[PDB]
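Chemist: starting from these lines, generate the structure:
(chains A, B, C, D, E, F and G)
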Amino acid sequence: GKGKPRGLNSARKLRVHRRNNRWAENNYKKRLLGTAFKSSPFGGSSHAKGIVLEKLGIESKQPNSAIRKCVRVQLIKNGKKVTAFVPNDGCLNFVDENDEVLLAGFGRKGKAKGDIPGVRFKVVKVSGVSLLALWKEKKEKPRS
Amino acid sequence: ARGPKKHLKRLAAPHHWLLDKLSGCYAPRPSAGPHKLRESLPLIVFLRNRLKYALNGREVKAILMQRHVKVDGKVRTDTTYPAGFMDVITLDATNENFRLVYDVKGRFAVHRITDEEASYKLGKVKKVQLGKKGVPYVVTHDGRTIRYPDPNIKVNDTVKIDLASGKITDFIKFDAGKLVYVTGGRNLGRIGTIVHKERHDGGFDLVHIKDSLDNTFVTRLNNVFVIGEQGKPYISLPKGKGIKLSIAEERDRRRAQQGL
Amino acid sequence: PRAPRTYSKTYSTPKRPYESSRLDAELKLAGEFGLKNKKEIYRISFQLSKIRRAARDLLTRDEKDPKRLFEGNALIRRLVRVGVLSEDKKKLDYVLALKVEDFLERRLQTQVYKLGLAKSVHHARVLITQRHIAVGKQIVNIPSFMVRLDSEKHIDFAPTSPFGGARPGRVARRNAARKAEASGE
Amino acid sequence: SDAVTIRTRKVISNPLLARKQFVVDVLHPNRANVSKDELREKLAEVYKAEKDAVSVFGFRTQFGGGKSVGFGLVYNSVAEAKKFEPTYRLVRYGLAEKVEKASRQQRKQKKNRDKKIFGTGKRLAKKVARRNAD
Amino acid sequence: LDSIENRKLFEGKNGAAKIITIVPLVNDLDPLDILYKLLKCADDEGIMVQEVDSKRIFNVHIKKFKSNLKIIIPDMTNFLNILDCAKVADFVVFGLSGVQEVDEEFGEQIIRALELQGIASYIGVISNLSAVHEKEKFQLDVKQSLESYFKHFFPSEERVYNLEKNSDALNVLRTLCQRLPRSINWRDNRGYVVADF
Amino acid sequence: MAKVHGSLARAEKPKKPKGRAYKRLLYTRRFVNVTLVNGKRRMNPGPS
RNA sequence: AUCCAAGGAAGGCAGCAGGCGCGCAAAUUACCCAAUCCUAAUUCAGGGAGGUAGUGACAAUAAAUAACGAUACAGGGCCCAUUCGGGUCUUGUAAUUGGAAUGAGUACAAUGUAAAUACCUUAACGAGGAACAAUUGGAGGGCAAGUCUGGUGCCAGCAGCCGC
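Modeler: Numbering: from 1, shown residues only, chains lettered A, B, ... in the order given. The coordinates are given below.
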């Protein structure tokens, strides 16, 4: 009878079977082990601030050849070194080194076929300033 | 809590006070006295919320500090004095009298009383016992302790008390086929005749009551109060006569009292 | 620490955002009735949804039940009072064939145009919001007033408004003052 | 065109506060919000009482105007009005005086400076005046 | 521990050099007006009297917050002097007149030039909001206009404070006495001296 | 770019109307002015 | 961890405001006991409990940014077309013209309130609105929207997914 017990005094076997088989999910296992509270670089938050250590010319080769513009940051809350993408600025003229940056998440899945990376994070603010309004020229950036 | 409380928040009020939930932030916590906290009615609510005589809180204080309001013959000066069931409220300068009787919906209602009816007061005997130097006494539903009763008075008997002297005038013993008002619980405010007494020793007793329209309901023994006989109540009953109506009957009555 | 004051939402976001037949039907409704938002349609959809849920969960109960007859008569009578449900259709079955246009026709928005007090539906909303229209004696300037049936023989102009009463407005007497000064000049 | 009409709803005689309490309706076509003073005069002359024994408050005009609703008291004498009314409404009526006070921060700091003084303080005043003179 | 150890340059009792450069951006605004409306809410008016006669560089100890401020007012014609005064500051105060606009050829060029050469922590300051009509119902409109204008060039602040009131001026004084400024990278890599004798 | 100090609101081709007039305009542009291009209601066509 | 004449002496804001630190992340060192209640020897005194206002795009409700005409011009349709022209509509435009309506805002006053601010009323001003100027994201497919022009094509076939 469908390989599972159907007796009317068998609720215990059913719920122990569910608690054993829910560890095969992905979100459950990340969620009840405290994965984000231990090893994820944001520590389970939606944003983070950090200090720019480097500007990086990452390369995406195949099948799209592009020069990815990234930034190696050291986060303030953790002491954690994270590279992150910065959009829409070909010059990175709003970014210098040793500036403070508000980062968010970024869902690009890079490919394995040509060693192209998808870094996990985008730049939202530099030096307190909205990077969008910089690139759309609605504010000016204080340069320290 | 590190000691006894002194406040009562406005959501934690008994719902049968009909207090609005956005007037202020609290409700008047009733004092210690003749009635239970949960089922009392303090004087501030009866002056302001139901008789509309006082607009503010301090107008209640101004009226009560002029000794107009008597609760069961005596003048009270407390804002939150627990006036409860079967009690007599007397306004001399207004020349009005009120008996606190539950409505059919389970809340206290305004109820005008003649001077002859205002002289007495009923009370359910809650314990009879033999106190010091061997004197018997009864203790009623409001806390009144009366020495030297009739020996036929047992527990649950309703006793008539004349408010002038505070003596036992006469009484009714708890017999089947008597007129009974209901004090607590879901069926609160109904007037009926008890069919019989169901008895569970070691636990809670139960009472089957049958109303004027032959509906039958069941309460515990705690929620029972005896008034009188069939068609002979010792007090004057409010309008509606403790008769529980269905919602359709009430709706039809409301639109039948609308004929321009 | 008080009573946490209650509130609710009133519109409902549709499930799929781009759906050509739905966009066309909504815009036909807006054109026939002079709306401004899709939210003004979603409000009527949400109210009709709650009414249909009340209906179809009272239908599962058997008849001659006091809850069904009670709440059904309350619902049906309340719909008849606003003229959304007609006189013959006073059953629970006909409130489920009751559609959005039946609600949307009963607006003050619509009833000003339909009584011949405005030239356009857009002109009807304009005369509403510029405080020109009274129901009995009280002036209403919300187009979503949802005229109850008995209130139909009271919609007119206001005694405040120049169309219905007292002195002509700002531009009118301004131009009259310029005419009188220029005739004096 | 106008004629200010005054109606009294919900008329209650309260002998416990020695007064009469009611609802003031004012029909005022072509008028804005017929003031408290005129209502005190006209209720004093309808109910045949002193103006100082007549109070009105809590007014609000309906949407669109032309009608206002408030609350109205009329006492049995002027002295009963004096002894039962709140003091702010007496100051509104000119029947008393605004009691000029210090600010509340001032009096709290005054009280807390007084709390550090046990006794009259003139003993301590003499001793500190002597030691400053020392 | 590290956050307290990074305040050892700023005990204003001995080696503290909290340099504030006060730049009015409109010539109908006096810099000593701003300085006096600041130091009057410190309630030590001897400093206000001793700052009058002929000085540009002030070495002030405030015993309230126990801080060592160093006030510089730039020459308001030599634009090079304005640049040189702001590139040594730890704090930059921006005066905004409530009546005359910031000049597109003079004031805006100060803002953009100091900003593009790099500013540390700054404060926006109004001193003539009561030179507008005395009702605050119209003064708040001018204050919000100046705030929205200053938001364009500087989004790190949203309160452009009024020196007419004790509240906002004491707030600005607290800021200048306590708060640690953001560091300008190029100058802190090479070391810098301000020097009296 | 940067708006001037005078933000005190108190004391070219024509614009598109806002809100409900814009919905009125769209109702004219889709259902009063029927534009059948090659058997279809074509919106935003180029030179054709 | 505070003062100090060095002997000694004081300390607990996870109460209301407010500061530092921390961080993606969070308000005024305002007014008042008039409400609602509470405490006391008590009607009166007291209450950062609480109420009021500021700040506040946390959410939530309602809904301004325009509405009518006449002209022409281009059409379309309705019937009379023998042809003209006889009216009924409905469009489109023409930064063409006309007379209207009204609040945003300002404000005598009055209401409001403990005192105010604001709201509801209301004298007197207040628009052709070529600027009392509606934005935010898109226009390969998913998924509504380009068969358009220029530059790019050495920072560029490109980037939730597929990608050309």
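
Chemist: would you mind listing what in chain F touches chain A?
Modeler: For chain F, the residues in contact with chain A (C-beta under 8 Å from any C-beta of the partner chain) are residue F:1. The way it works is simple: take the backbone N, C-alpha and C, and place the C-beta from them, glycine included.

Chemist: helix or strand: which one has the residue sitting nearest the centre point of chain F?
Modeler: The residue lying closest to the centre of chain F (C-alpha atoms, centre = their mean) is residue F:16, at 4.7 Å. According to DSSP states H and E, residue F:16 maps onto no helix or strand at all.

Chemist: number of residues surrounding the residue lying closest to it once chain neighbours are set aside?
Modeler: Nearest residue to residue F:16 in three dimensions, chain neighbours excluded: residue F:22, at 6.3 Å (C-beta to C-beta, 6 or more residues apart in numbering or on different chains). Number of residues near residue F:22 (other C-beta atoms under 10 Å in any protein chain shown) recorded here: 12.

Chemist: where does residue B:228 fall, phi/psi-wise?
Modeler: Residue B:228 has phi and psi values of phi -170, psi -140 when expressed as degrees, to the nearest 10.

Chemist: I'd say it and residue B:172 touch.
Modeler: Yes - contact criterion C-beta atoms under 8 Å: residue B:228 and residue B:172 qualify, at 7.0 Å.

Chemist: list residues touching both of those two?
Modeler: Residues touching both residue B:228 and residue B:172 (C-beta atoms under 8 Å, 6 or more residues apart in numbering or on different chains): B:178, B:234.

Chemist: helix or strand for the residue nearest to residue F:16, which one?
Modeler: Assigned by DSSP H and E, residue F:22 belongs to helix F:20-27.

Chemist: show me what counts as buried in that helix.
Modeler: Across helix F:20-27, burial judged by 16 or more other C-beta atoms under 10 Å in any protein chain shown covers F:20, F:23-24, F:27.

Chemist: could I get the full set of helices for chain E?
Modeler: E:2-5, E:31-39, E:45-50, E:79-86, E:107-117, E:136-153, E:166-178, E:185-188 (DSSP state H).

Chemist: got those helices as JSON lines, with distance to chain D and mean neighbour count columns?
Modeler: Formatted as JSON lines, the helices of chain E follow (distance: least, C-beta to the nearest C-beta, whole Å; neighbours: other C-beta atoms under 10 Å in any protein chain shown):
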{"stretch": "helix E:2-5", "distance to chain D": "33", "mean neighbour count": "6"}
{"stretch": "helix E:31-39", "distance to chain D": "24", "mean neighbour count": "19"}
{"stretch": "helix E:45-50", "distance to chain D": "24", "mean neighbour count": "12"}
{"stretch": "helix E:79-86", "distance to chain D": "41", "mean neighbour count": "16"}
{"stretch": "helix E:107-117", "distance to chain D": "41", "mean neighbour count": "17"}
{"stretch": "helix E:136-153", "distance to chain D": "21", "mean neighbour count": "18"}
{"stretch": "helix E:166-178", "distance to chain D": "15", "mean neighbour count": "17"}
{"stretch": "helix E:185-188", "distance to chain D": "45", "mean neighbour count": "13"}
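
Chemist: with distance to residue C:168 added, can I get those helices in CSV?
Modeler: Shown next, in CSV, are the helices of chain E (distance: least, C-beta to C-beta, whole Å):
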stretch, distance to residue C:168
helix E:2-5, 72
helix E:31-39, 53
helix E:45-50, 63
helix E:79-86, 61
helix E:107-117, 50
helix E:136-153, 32
helix E:166-178, 50
helix E:185-188, 70
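
Chemist: adding distance to chain F, write the ones you listed out as CSV.
Modeler: Putting the helices of chain E into CSV (distance: least, C-beta to the nearest C-beta, whole Å) gives the following:
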stretch, distance to chain F
helix E:2-5, 37
helix E:31-39, 18
helix E:45-50, 30
helix E:79-86, 19
helix E:107-117, 8
helix E:136-153, 4
helix E:166-178, 20
helix E:185-188, 26
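
Chemist: burial measure for residue 48, as a count.
Modeler: With no chain named, the answer covers chain A. With other C-beta under 10 Å as criterion, residue A:48 counts 23.

Chemist: wrong one, chain D
Modeler: Number of residues near residue D:48 (other C-beta under 10 Å) recorded here: 7.

Chemist: what of residue A:13?
Modeler: Residues contacting residue A:13 under the criterion other C-beta under 10 Å number 12.
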